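Right, one structure below, let's go through it.
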Ligand SMILES: COc1ccc(Cl)cc1CC(=O)Nc1cncc2ccccc12
Ligand SMILES: COc1ccc(Cl)cc1CC(=O)Nc1cncc2ccccc12
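Protein chains in written order, with the authors' numbering: chain A, 1 to 306; chain A', 1 to 306. A prime marks a further copy of an entry chain.
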């Protein structure tokens, strides 16, 4: 019993973090096979960040201008290339700790674990969701750039995020491992607008199912609703509209609890209109949207990894 | 910027988890040097749990009755002994992945990371606090027994908790690594009472300081208070009394924010009496007490580990 904001074990990722230094800038890199991945703004100075011409800046750099350290192991750069917003440094040594991995571009609403790193060394691990406006509400300080987000399916590590920048609003933006930003952001120091941040409705429903599994049932009501009538109320409170694909994903949780998805939607509709009235659900006084349906099944069934 | 419930990286602990089987019971064990640590109720059947005589049950077992698996590596038991509520199995192979470690018995209010394991394999990692009544509000399923809680100081892993049982109330109880239970619990299947669970006041204050660091300042008031007048209100709301040792621990946070500890206590006193009135602090509608002063400094200054 119980429910926690649970992250994946980070051991397979800790062995891939390295320190990347170009000139005077130092940030984190990801060492897989004989390639190191890192944010391309490592080649910039503080003055370049206002309006950097990355192509012109990169041409002034050679292989010997990049210093890659894996603890005390010095890797020698024998080739460099720029793919979108990431730098790919070819090194002479393949990482012996390379796990089975793939690069994945996630969709908004999906969750992943972040291994926050500084100077190539791990600081901590936490779980977060990609917001509908393609930001993340992380915990990052200066020097955390190049920290990665990931999921684990069995023996395979799926890398999905590389941290690049903190916006002036305090939220965080980054890219996939091919260097494509999530959202409309660019890697320069300028005011950038993130869109409206909405609540991930399918995740809230999954969390309400977790509450029922763990014994919290006070919010269950006798009313029901339809999909169109629920979405009319959800959009009023800046909730994402629910689709039939979302209903299909929630199927296994409906079966385990015996509560129809539309019935759970009716309970949520009353929580949106009437509030929680000083009560709590799973130790929280707010509706939580950082747990996917898969996260709930994983935590409540005990899925393990290599 | 930002603040998350952050766990330690678990890599150093993942390499120490093994599977322990005695007869038909299988749970997790901790492999350090050539000794495996596991809960002693691994030698029990389902019927023994109601009123087990561990001494009599252990005498019917020999070294070859214990099966220890480290993935696919079979460890041979060459000696066994019972220390309080843990079993110490001497094996023939020393763990090559043994990190620098120590055994520590923590005090209530301190936090640690839990590596939840099943059949010797990691499932996830989360951060929690030892409640004042010596329980933890974890996330555990059947087979998680032997999962360990830990902290990391630089290169040293401090093991502080081994999971033993879920109480009928849904909270969790366990021992230190010398086999001494935290709290008045015993390892048998019987109704057991946990005391009143109080809020860890020094942790709430540390979290309010974290909120100020991250830009949330609406709760700061113009009033002040004394230590005796605050404790009179705190005890009314089942908060732990604040002592001078707590004030000394909060010193570095007072300096960083320029807010005196007693001034922060006055803000907390108004939050206890007037509530939060639909507002949030660090994305939460409840006062949070699972962050120690050390956790706040660590997250807001970027302390790293090996
Ligand atoms: C304003 O600096 C820019 C501009 C553009 C780009 Cl692409 C990258 C950066 C570097 C950056 O934002 N680093 C940080 C990332 N996370 C958290 C941070 C917390 C404090 C200071 C820097 C933090
Ligand atoms: C009632 O079983 C007893 C009695 C006494 C003792 Cl010493 C140990 C046990 C085993 C136990 O509680 N296992 C579990 C530990 N965490 C979570 C659990 C969730 C579901 C089922 C068992 C769970």
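Every residue gets a Cβ at the ideal spot worked out from N, C-alpha and C, and that includes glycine.
Query                                                                                                                                                                                               : Result
Specify whether the stretch 37 to 51 of chain A' and the stretch 81 to 98 of chain A' touch according to this definition: at least 3 beta carbon pairs, one from each stretch, less than 8 Å apart. : yes
For residue 165 (chain A), collect the residues of the same chain with a Cβ closer than 6 Å to its Cβ; drop the 5 residues on either side in sequence, then sort them by chain order.               : 173
Does residue 191 (chain A) pass the burial test, meaning 16 or more other C-beta atoms within 10 Å, or should it be called exposed?                                                                 : exposed
Measure the Cβ-Cβ separation of residue 212 (chain A) and residue 259 (chain A) and say whether it is below 8 Å.                                                                                    : yes
Check whether chain A comes within 8 Å of residue 143 (chain A'), counting only Cβ atoms and requiring the distance to be less than that.                                                           : yes
Interface residues of chain A around residue 151 (chain A') at Cβ under 8 Å?                                                                                                                        : Within chain A, no residue comes near residue 151 (chain A'); the closest Cβ sits about 12 Å away, beyond 8 Å.
Got a sec? Which residues, its chain only, sit under 8 Å from residue 22 (chain A) by beta carbon, not counting five neighbours each side?                                                          : 42, 43, 61, 65, 66, 67
Could you work out which residues of chain A' lie near residue 192 (chain A), taking near to mean beta carbons separated by less than 9 Å?                                                          : Residues of chain A' passing the Cβ test: none, with the nearest at roughly 16 Å.
How about residue 142 (chain A): is its Cβ closer than 7 Å to a heavy atom in ligand 1?                                                                                                             : yes
Please state whether DSSP places residue 207 (chain A) in a helix, a strand or coil.                                                                                                                : helix
For the putative contact between residue 71 (chain A') and residue 133 (chain A'), defined by C-beta atoms under 8 Å, what is the C-beta separation to the nearest angstrom?                        : About 37 Å separates the two Cβ atoms, so there is no contact after all.
Taking the C-alpha atoms as reference points, what is the distance between residue 284 (chain A) and residue 51 (chain A)?                                                                          : 43 Å
Using a C-beta cutoff of 8 Å, does residue 121 (chain A') count as contacting chain A?                                                                                                              : yes
How should residue 7 (chain A') be labelled, buried or exposed, when 16 other C-beta atoms within 10 angstroms of its C-beta is the threshold for buried?                                           : buried
Please determine whether the Cβ atom of residue 165 (chain A) lies at a distance below 7 Å from any heavy atom of ligand 1.                                                                         : yes
Is residue 146 (chain A') close to chain A? Criterion is C-beta to C-beta, closer than 8 Å.                                                                                                         : no
If distances are taken between C-alpha atoms only, which option among A':257, A':128, A':226, A':279 comes closest to residue 265 (chain A')?                                                       : A':226
Specify the secondary structure class of residue 124 (chain A') as computed by DSSP and reduced to three states.                                                                                    : strand
Nearest by alpha-carbon distance to residue 204 (chain A'): which of A':282, A':122, A':100, A':103 is it?                                                                                          : A':282
Compare the C-alpha of residue 250 (chain A') against each of A':209, A':237, A':276 and name the closest.                                                                                          : A':209
In or out: residue 14 (chain A) buried (at least 16 other Cβ within 10 Å) or exposed?                                                                                                               : buried
Are there 16 or more other CB atoms within 10 angstroms of the CB of residue 20 (chain A'), so buried, or fewer, so exposed?                                                                        : buried
Take residue 102 (chain A) and list the residues in its own chain whose beta-carbon comes closer than 7 Å to its own, dropping the five residues that flank it on each side.                        : 156, 158
For residue 137 (chain A'), go through chain A and note every residue whose CB falls closer than 9 Å to its CB, in chain order.                                                                     : 2, 4, 283
Could you tell me which residues DSSP pairs with residue 115 (chain A) in its beta bridges?                                                                                                         : A:125, A:148
Using a C-beta cutoff of 8 Å, does residue 30 (chain A') count as contacting chain A?                                                                                                               : no
So if DSSP puts residue 81 (chain A') in a beta bridge, which residue, or which two residues, is it bridged to?                                                                                     : A':88
Just to confirm the assignment, what range does the beta strand (DSSP E) spanning residue 161 (chain A) have?                                                                                       : 156 to 166
Answer yes or no: does any C-beta atom of chain A fall closer than 8 Å to that of residue 290 (chain A')?                                                                                           : no
Which word fits residue 218 (chain A), buried or exposed, when buried means at least 16 other C-beta atoms lie within 10 angstroms of its C-beta?                                                   : exposed
Between residue 123 (chain A') and residue 302 (chain A), which are expected to be in contact by the criterion C-beta below 8 Å, what is the C-beta distance as a whole number of angstroms?        : 6 Å
Mind checking whether the beta-carbon of residue 188 (chain A) lies closer than 7 Å to any heavy atom of ligand 1?                                                                                  : yes
I'd like the span of the beta strand (DSSP E) that includes residue 287 (chain A'), first residue to last.                                                                                          : Counting along the chain, residue 287 (chain A') falls outside any beta strand (DSSP E), and DSSP gives it neither H nor E.
Taking Cβ positions only, does residue 215 (chain A') come closer than 8 Å to chain A?                                                                                                              : yes
Of the residues that make up the stretch 7 to 29 of chain A, which ones have a beta carbon closer than 9 Å to any beta carbon in chain A'?                                                          : 7, 8, 9, 10, 11, 12, 13, 14, 15
I need the DSSP call for residue 260 (chain A), collapsed to helix, strand or coil.                                                                                                                 : coil
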